[PDB]
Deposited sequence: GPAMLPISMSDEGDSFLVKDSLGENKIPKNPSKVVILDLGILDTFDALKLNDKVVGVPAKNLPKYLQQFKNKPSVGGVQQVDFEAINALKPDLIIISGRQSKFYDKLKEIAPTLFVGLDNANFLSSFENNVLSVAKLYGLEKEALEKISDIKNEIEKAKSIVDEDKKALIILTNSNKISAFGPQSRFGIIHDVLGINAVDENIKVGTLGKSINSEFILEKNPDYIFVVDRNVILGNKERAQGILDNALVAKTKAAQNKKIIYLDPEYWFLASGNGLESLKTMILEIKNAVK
């Protein structure tokens, strides 16, 4: 279980500990470089847009275009020269940039907002509240956290207890299960898994899919972020056509700009993901 972010108020700053280390973070930071797309969406939802001085622009998804003219700090690829030239007072990162921590932390205090795949909602709430604490915005962040909790309960209430889903990432097809990077389908929304026994996932084929006969298949097509080959075609075969999922038109292509980029730290992006699952299975 990932160590949470903890903060103690030391006047004009916080002493902050997270799973990667300790930082002294000034209150109300005014020059923030954000490399996690989810928390960037949370900055927006808390009205902190003007605090942001740098974002991964090569990346930037359709739902974060209010940031497209921020100075770019990379996309996988971090530009440390650009980050240094901004002279930030805070850098914010998530799991994909933990490999860059020591170098980012030479430039400025670096806050990790990791999403624990075994404890998604507690990590999401801690990440959002910790950001908000920096700005004195706890009351606004609690309201919005509540709204997400209410959307989760609405989605959960309509789930068919007797139906099972398979999650896949796509020529390679790989299966994911509970407590994976896509785990919230099973772990938060309570949609049963075809295999509860499954960060790279398990290699599979159309035969595996037919074998399992899922009522739903949730597809995350990583081609879209990169190709001419797409999931609709990898799955366009007579084996996959045999499934309950194909028969009832419940092969559900999820937007990878949410699911693969992993924008679960976002107050509004997480909502959109919940609604996306709910509207597929109701």
List the gaps, meaning deposited-sequence segments with no CA coordinates, ordered along the sequence.
1-2, 78, 174-175, 204-206, 235
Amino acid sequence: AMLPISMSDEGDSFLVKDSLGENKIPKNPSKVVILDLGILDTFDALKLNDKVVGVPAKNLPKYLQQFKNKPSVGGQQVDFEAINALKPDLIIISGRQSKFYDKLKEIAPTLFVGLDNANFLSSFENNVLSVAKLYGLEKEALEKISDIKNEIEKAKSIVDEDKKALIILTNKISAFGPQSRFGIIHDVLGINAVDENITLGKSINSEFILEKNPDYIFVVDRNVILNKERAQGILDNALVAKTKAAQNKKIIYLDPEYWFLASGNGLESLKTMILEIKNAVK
From here on, numbers count along this sequence of modelled residues.
Is the mean CA B factor in the deposited entry higher across 244-252 or across 34-42?
244-252
Between 52-60 and 229-237, the record assigns the higher mean Cα B factor to 229-237
What's the residue among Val128, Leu104, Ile204, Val73 with the greatest CA temperature factor in the PDB record?
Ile204
Between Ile93, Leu210, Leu137, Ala165, which carries the biggest CA temperature factor in the record?
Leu210
Would you mind checking where the Cα B-factor of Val224 ranks among the modelled residues of its chain, as the lowest, middle or highest third?
highest
Can you work out whether the C-alpha temperature factor of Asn23 puts it in the lowest, middle or highest third of the chain?
middle
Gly114 by Cα B-factor - lowest, middle or highest third of the modelled chain
lowest
Comparing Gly177 with the other modelled residues of its chain, is its CA B-factor in the lowest, middle or highest third?
middle
Quick check for you: using the entry's CA B-factors within this chain, is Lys149 in the lowest, middle or highest third?
middle
